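Protein sequence lines, in the order shown, are assigned to chains M, J, B and L. In the authors' numbering, each residue carries its 1-based index in the first sequence increased by 27. In the authors' numbering, each residue carries its 1-based index in the second sequence increased by 26. In the authors' numbering, each residue carries its 1-based index in the third sequence increased by 26. In the authors' numbering, each residue carries its 1-based index in the fourth sequence increased by 27. Input: a single structure, listed below in structure tokens.
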Amino acid sequence: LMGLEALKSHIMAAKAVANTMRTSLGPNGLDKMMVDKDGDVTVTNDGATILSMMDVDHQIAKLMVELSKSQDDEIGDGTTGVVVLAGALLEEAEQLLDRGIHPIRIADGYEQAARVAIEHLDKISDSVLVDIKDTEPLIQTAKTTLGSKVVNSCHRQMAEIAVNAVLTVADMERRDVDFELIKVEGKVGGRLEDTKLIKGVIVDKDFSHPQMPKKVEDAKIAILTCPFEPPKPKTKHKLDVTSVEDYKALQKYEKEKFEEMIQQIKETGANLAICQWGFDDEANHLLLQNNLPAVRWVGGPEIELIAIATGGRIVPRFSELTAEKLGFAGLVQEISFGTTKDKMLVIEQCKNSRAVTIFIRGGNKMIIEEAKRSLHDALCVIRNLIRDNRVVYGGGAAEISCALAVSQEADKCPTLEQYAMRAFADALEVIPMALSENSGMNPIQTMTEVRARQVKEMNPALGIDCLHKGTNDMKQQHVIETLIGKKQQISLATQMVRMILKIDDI
Amino acid sequence: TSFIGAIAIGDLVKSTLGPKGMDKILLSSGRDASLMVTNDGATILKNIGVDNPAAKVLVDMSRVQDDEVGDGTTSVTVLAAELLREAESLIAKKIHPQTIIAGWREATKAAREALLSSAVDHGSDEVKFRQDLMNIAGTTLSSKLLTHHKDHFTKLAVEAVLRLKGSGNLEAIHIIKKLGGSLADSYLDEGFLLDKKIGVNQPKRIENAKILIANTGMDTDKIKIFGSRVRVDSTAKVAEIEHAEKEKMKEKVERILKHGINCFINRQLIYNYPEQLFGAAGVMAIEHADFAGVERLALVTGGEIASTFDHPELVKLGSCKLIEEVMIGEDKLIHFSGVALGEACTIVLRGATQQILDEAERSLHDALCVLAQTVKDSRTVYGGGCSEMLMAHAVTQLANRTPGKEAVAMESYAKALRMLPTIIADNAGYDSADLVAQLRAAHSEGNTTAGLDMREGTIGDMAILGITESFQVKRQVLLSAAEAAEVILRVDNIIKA
Amino acid sequence: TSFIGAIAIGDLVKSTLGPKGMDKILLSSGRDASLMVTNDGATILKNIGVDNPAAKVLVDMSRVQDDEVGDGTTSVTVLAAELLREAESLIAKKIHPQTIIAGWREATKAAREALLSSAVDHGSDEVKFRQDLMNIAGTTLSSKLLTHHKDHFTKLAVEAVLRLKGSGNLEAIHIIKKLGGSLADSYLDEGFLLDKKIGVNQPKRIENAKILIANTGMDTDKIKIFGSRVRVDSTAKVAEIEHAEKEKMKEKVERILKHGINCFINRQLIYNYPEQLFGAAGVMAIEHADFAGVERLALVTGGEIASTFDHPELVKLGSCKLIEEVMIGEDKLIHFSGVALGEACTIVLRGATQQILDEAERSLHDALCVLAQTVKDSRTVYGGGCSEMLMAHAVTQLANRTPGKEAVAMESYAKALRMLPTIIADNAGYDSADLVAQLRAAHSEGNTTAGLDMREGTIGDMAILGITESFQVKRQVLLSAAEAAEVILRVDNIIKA
Amino acid sequence: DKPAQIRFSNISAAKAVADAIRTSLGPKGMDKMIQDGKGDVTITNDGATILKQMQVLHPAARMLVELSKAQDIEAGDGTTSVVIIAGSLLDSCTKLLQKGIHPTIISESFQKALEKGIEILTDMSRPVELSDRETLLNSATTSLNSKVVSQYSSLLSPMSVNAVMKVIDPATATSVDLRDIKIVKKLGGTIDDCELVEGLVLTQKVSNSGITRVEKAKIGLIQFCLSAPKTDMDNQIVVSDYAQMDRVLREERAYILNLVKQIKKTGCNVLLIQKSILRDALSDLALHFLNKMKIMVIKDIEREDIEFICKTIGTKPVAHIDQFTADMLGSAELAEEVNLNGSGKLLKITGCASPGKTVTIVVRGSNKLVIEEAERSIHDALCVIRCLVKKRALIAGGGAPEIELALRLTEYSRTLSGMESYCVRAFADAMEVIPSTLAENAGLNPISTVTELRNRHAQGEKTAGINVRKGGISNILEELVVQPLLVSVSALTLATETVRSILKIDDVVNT
């Protein structure tokens, strides 16, 4: 209820989170199955996705899962690593409290342990060569890091597209980028290893009459949301009018106004036109003969999103349509949907760097889910690469070396923060122990063998063979993690543990 | 969590496995008067109420790739369940799950390689194709009770599928659900058949069958922009409801006549007063149609598919040369004589029972499928227990060479795969252990073709008996069971909303 | 499941296998006594509390094997326990007990044949045979608790056996015990040695003694004198034997001198006056000795029974090459140098505690035994799990080869054999499952000498390491455990009264 | 474990149903009170009237109800013998699974036993040839004198013979259609007046002004609209007067003559009235106009009569007016309304052309229960004669088939090999419950009676059975009780089919 026993209960809740995240980290981690009240079932290795809907059992677990969720953009792969590391911190913290140490003192011991961890971690590994220009060792990094987990087979294309997309947007903000401009559009219906780079926005493409060949000749786009195309309130209808002569006259007036805005469209030069609504198919064929791409069933929000993207301002009304205000789009292209039945619109200008998204195919719901998870992990890890290019030599090697350094520096502390240093060192030791326990290897045996290999051989890059390949040098496998990702991992874990410790009651 | 559900679903499917299995009865909740007896485990898996999330995800992972190939369900589900039970024993013996995953991946690679090596090609010879197709039909049509009717299905399906000789027509094959005469004989349509009446109001031998292919049929009426003069203005004139019906009929029928087509096909039953309207107007509307009929018309006579028909050019002038009707069963059934067989076909069974026809059509669907890919393919493997036990022997052989701890997992995989012919024998009542052990001896000492003859419960040299199973279905069931067992195994804990 | 206690009473023994074993405690029954620990299961089963009659039968088989083999009674019990575990598992699988017996007997036949055909005869060599004797004796004695001075004892034993030159003799070694001191204080010496104190009265400076056994001393007031015979009377025959016995004092010298004397050996107390008379005669008689070793006296010295000198001339003389008595630190121990049989040696271990002493003499008996049946019949097999894996591989090959229900039974027997090095590795703390999988793979690819390095957990070709075990003990353990598990299994229910 | 347990439970439920029904067997019979939700009583000696109204929970009970229904629709009598065979076979199955032999072998062995039993029953039966009237009447009297409907089946048996002779020449072995020979009632009357009606009996007409009889009647099959539709309300405007609804009223008065002129060019004589939910309306104000120029309306036709008239007189089914052409018209010889021996307005059609010679029997009687008992008597008479004509060679009853079949099936199990041998032996030695049930319901020691029957079938006459009307085992009387051989064939085949299905059933599952 109160005091140290209440904190022990908090520790038990944290262990409840940690022991279930224990089997999930690493490429060989055991996936969980996520079920909602609707009954939908999906399997996933991503700790972030597991925690996205992991419901509360006791409150502090909800607090800590919210804390972990709040760093998804920067933490990248290893958020489940963050959770298990913090759980190990709390598990050894329970031993420290059994030894009688007040919680705030193990908390500030952990923060100085994180400080010395950061100091050693800045010195733990070398820097990769230049990012923006050569990109080939970065291709190697993206292969050996991302395509190893759950994708059917690692191959160059997804990584190359991701790195190209980031490098188109990486250098302006003093070697930085914001993911507000890069997004994923998952659309099942094509071959799994077929995906295209998109320096623009994807929209569902309809021709009001498909009689004319698939083609595109974009020089500028008419971004219209006005009754230029006869509007409909999204209702099924089949019209009738007082007389066929009246219908003929209505068709004539339709084509006269279409021609006068042709003059409006051709005076600005927007050879492509788009609108939410569309007329009937035969008149739309006649419309396409007039060299304007009549479209229908265009996504509602997508229209103004692409309008703002293309530098134009959307046109809701006839009286608001001006020649200068239309969007100066660079190019439009017919991306094949994998299947030969249809194609999508992409609106993109190569000159302007903004809005470089990814357009992906898929065969199944959970498979495209893991595909977008993997590409988002690629995106965040390459943000960590571009922010600064020095690696951490991950896969347990960073954890084991950092724990060795913290244990070495432990005895240099004159106060019981020394015991806190030992606790933090053991918690870091747990991560290679976890990577072995979930894998098919005895945890402590191989973990301490890696420890000794680093003690006797002067290279901290030697870690645990999570991929079960013969070589044990983490450089030889070239499987790697960013230093910045590890910086955020350790800092988030220590902030999480200290926030849990500072809480005491209810 | 522990795999109680994943083995419970397998156990409840086990007794249905293969021919001479055990039946299941499925009944509706609430103690209402409705139940049915079924042997096909796929039917149980379709009708099962999966209260266990592990069982739900297992049956879902099966369904995406089990009903496609056909008849694999009763094998893939049982093999996956036995794998999960053996792996539960392994994890009880403190074997880590990822070790088991790696061991099973390598073991499945070895088993698939052994299956490919043992698979025998049968292309380039017509008589070998004939015998193989009858054998595979008999093994896939292993569901009907009447053995002469079993042979009827075998011959009919084989002759329907072989007449292709080319790329698949499974998209165009159909099995008409119309009730006929004796429940022991089968038939095939020389031109695909409909349940539509012919002769009383429409011509008998329709030369120049136009065959407009429509989807948006008339439930009651349609519309065209003409300036209607409706007489039923409001509640004050409800007695004038009929006034607009004639206009709504004519303003479409007249323009379709100018299009040049009386052969209006659509799914929707054009009613009796519209039957008067269409018959007098000189249009022969066919009130039942489907995607399958349109695509068969396309494949057989170079046609195409249409949709949302309002414009005449949006549908094809499906110039079928002539159409007749035939006298099979207790109906006057139109029979499209123009679309001859060889490019596509439709099978029809005689028999006055829907529920028997249900299992019939299920078995012919799975057959027609496996027949289609095995004609598209060229290889088959000795069926029964021969193929699976051969793969189990290969897994055992390569398992002994494996140094790692996954050797135990490989042996567990071999035992679980060996359990499948054990279940085949157990459902047939024979001494399962004796049969499987003597089979292990019979094709472990070489003699790779030796199999278990379930027809008498003895060792059988499968080379001459002819009981064979197509290579594609065996490879698909092997890979699907492997991947489903991996998916079920690799999850250790579950949480729910 | 009725015989689970038979499994359990061997289960409490599997925690002691391997030189890298793991001790338990014998808790003394009731109060007024103290606990003591024990590594080897021989003392565990000896005076164990038994609750199950089948377990009692297993214990009796263990004692019988220990009696007729000596070392290795742990392996037979643990192997029988594993066999019975797998037997109950097979009975759960609805495999009948008698099929298990038949398959097990066939598997043991094949395994024994393969073991015999695979064991290596060190054969006709001298220096290589010397090294082989040295290391096999050292490793066989390493199976006991002793680790330091195994080599010295083994070298002394093989020296004695080479004095035998093939004539195996458990009684060639004279086995004296002496409490106190350290294990490093243990001494061997050639000849037959007595641990008494004789000094000068019967001199330690004598040659070619006439060794006899005589069970009557001067304290026995024995009646057989030249005077009157034995009588029970007090009228005139009260104590005439006291006057007669004065003739014995001189007769004990003169009768043997008339037969022919250079010295004499007597095993009983002698009165003083005959003590100096023998001192003046040149006779070396011992006050007391281990009377169980009278056969040893007869063998090493060539002596014969004198019938307590009731018939003085019905015996023949013994012989030696010197008589001596030596101060070994604290005991002024007698030294019959080089008695008629040169192979005579006397071993003493200065044990501070009697339990190390008793286990040491048990190990010495085991050593002389194994040296006998590996010198006259030189045969040995690679230990450390190599032999068990090899015979398990042979039995698995038989199981794959053999038809019938016996295949599963003997495969389970093979895996039960595999459990024995699995238990050894588990007691060693290594990754037992992975280690035995690696060894199984090594034998499957083919390495008849591959086994487990017990000093540091890993597989290794056991020929280079020199680790091994004697063939006879391993073969007898296998056969005895098989027949014990058989006799336990052949019973379904126990009837009590 | 679970499969054996669930099969045991299924067997127990089936055996509970069968043994609750066992007492009510055969002509002697003994009833129960039905355990129902109303608390009434039953004195029904038969067995069918329990299953047909049995509150069934277990699926075994439902499947036994389907068994009884199938047996009744196939041949009628024997509806309790089938379920008691099923129960005895399930008891034998309980024994066999107690010894642990597998269900699939049980199914195969029972199929073999069925085949051999059908052979045996076909063998020993009397190969009576059914080709002429004397044989038909002999079979009819042997079938009727053995039941309790003998008193009134006498007068109707020759007429049923005439009907079945109309259906087909008995040289054609194809079964006659039970449903084709429909049974109808004309209200009240005597007993002897129940007479054959070639053609069909039709429902009562309305007689405003239509003719009562017509030679060479031109029967039309009408299902289409009658009036300007009173589609939704009686008045569409203010209800002060029917100012505009007068238009649709006079449009009724005009469309009635329009349709009558559309009819007269074809000549439809009669009018089968479909219900007002299909029709727009029906009333005297228009039916009189249809009647007066020769369209007689007949009330409340039903689908079975529509199918029957289509099958008989060739009038195609109709749903609209435009198909008034001759396809919907039939040309009979004569159509009359006859009211002899008590007035009755049921119309009759006579001498019309027909591919199948459908024939009906009108039933009369002073009381409704007498009429319905005559109907059920003629129904079971047609059932037995049809199952005889389609299979010939009737068999003596009274457990004699069960004794003879059990004896030769036991010796067949003797000569048979394999696991199936003891299964067939158990099938045979448990199937004998029917004669045991007759002995129990006859008062004799059941076991001694079964032994005596088995001994008499051995080394002697094979037709000897337990006599229910004189008493005890008898051989001298050949006409103990006789049933068509199809009765026993259907009993054995359906019983074994359901038993082997039950064996095939495992692990019952709720959806």
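Ideal Cβ placement from N, Cα and C applies to all residues, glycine included.
Sequence-distant residues of its chain with Cβ nearer than 6 Å to residue i (five each side left out)
{"i": "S136 (chain L)", "result": "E447, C450 and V451"}
{"i": "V95 (chain J)", "result": "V499 and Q502"}
{"i": "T50 (chain L)", "result": "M57"}
{"i": "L512 (chain L)", "result": "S152, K418, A420, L421 and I422"}
Environment of residue i [buried if 16+ CB atoms lie within 10 Å]
{"i": "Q294 (chain B)", "result": "buried"}
{"i": "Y439 (chain L)", "result": "buried"}
{"i": "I38 (chain M)", "result": "buried"}
Chain M contact for residue i (CB, 8 Å cutoff)
{"i": "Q381 (chain J)", "result": "no"}
{"i": "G253 (chain J)", "result": "yes"}
Residue i at chain J interface by Cβ criterion, 8 Å
{"i": "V526 (chain L)", "result": "no"}
{"i": "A315 (chain B)", "result": "no"}
{"i": "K96 (chain L)", "result": "no"}
{"i": "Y280 (chain M)", "result": "no"}
{"i": "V275 (chain L)", "result": "yes"}
{"i": "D460 (chain B)", "result": "yes"}
Proximity test, Cβ basis, 8 Å: residue i and chain L
{"i": "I224 (chain J)", "result": "no"}
{"i": "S54 (chain J)", "result": "yes"}
Other residues of its chain near residue i: CB distance less than 8 Å, five sequence neighbours each side excluded
{"i": "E281 (chain M)", "result": "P257, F306 and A310"}
is_contact[residue i, chain B] using C-beta, thresh 8 Å
{"i": "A451 (chain J)", "result": "no"}
Own chain residues within Cβ distance below 7 Å of residue i, not counting five before or after
{"i": "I511 (chain M)", "result": "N411, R414 and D415"}
(request) May I ask you to list, following chain order, the residues of the stretch 56-84 of chain J that have a beta carbon less than 7 Å from some beta carbon of chain M? (result) If the cut-off is 7 Å between Cβ atoms, the stretch 56-84 of chain J has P79, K82 and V83 near chain M.
(message) To be precise: take each residue of the stretch 429-442 of chain B, compare its Cβ to all Cβ atoms of chain J, and keep it if any distance is under 8 Å. Which residues remain?
(response) Residues of the stretch 429-442 of chain B with a C-beta less than 8 Å from any C-beta of chain J: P429, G430, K431, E432, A433 and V434, listed in chain order.
(message) Which residues of the stretch 319-342 of chain J have a Cβ closer than 7 Å to any Cβ of chain M? Give them in chain order.
(response) If you check each beta-carbon in the stretch 319-342 of chain J against every beta-carbon of chain M, the ones closer than 7 Å belong to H337.
(message) Quick check for students: name the residue ranges of the alpha helix (DSSP H) that lie wholly in the stretch 96-166 of chain B, counting only runs of 4 or more.
(response) If we require 4 residues or more, the alpha helix (DSSP H) runs fully inside the stretch 96-166 of chain B come out as 99-118 and 123-144.
(request) Report the residues of the stretch 107-126 of chain B with a CB closer than 8 Å to any CB of chain J, ordered along the chain. (result) Here the close residues are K119, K120 and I121.
(request) With 9 Å as the C-beta to C-beta threshold (strictly closer), list the residues of the stretch 135-166 of chain J near chain B in chain order. (result) Of all residues in the stretch 135-166 of chain J, none has a Cβ within less than 9 Å of some Cβ in chain B.
(message) Can you pull out the residues from the stretch 466-477 of chain J whose beta carbon lies closer than 8 Å to at least one beta carbon of chain B?
(response) Those would be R466, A467, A468, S470 and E471, in chain order.
(message) Using a Cβ-Cβ cutoff of 8 Å, what residues of the stretch 209-235 of chain B are near chain J? List them in chain order.
(response) Residues: none.
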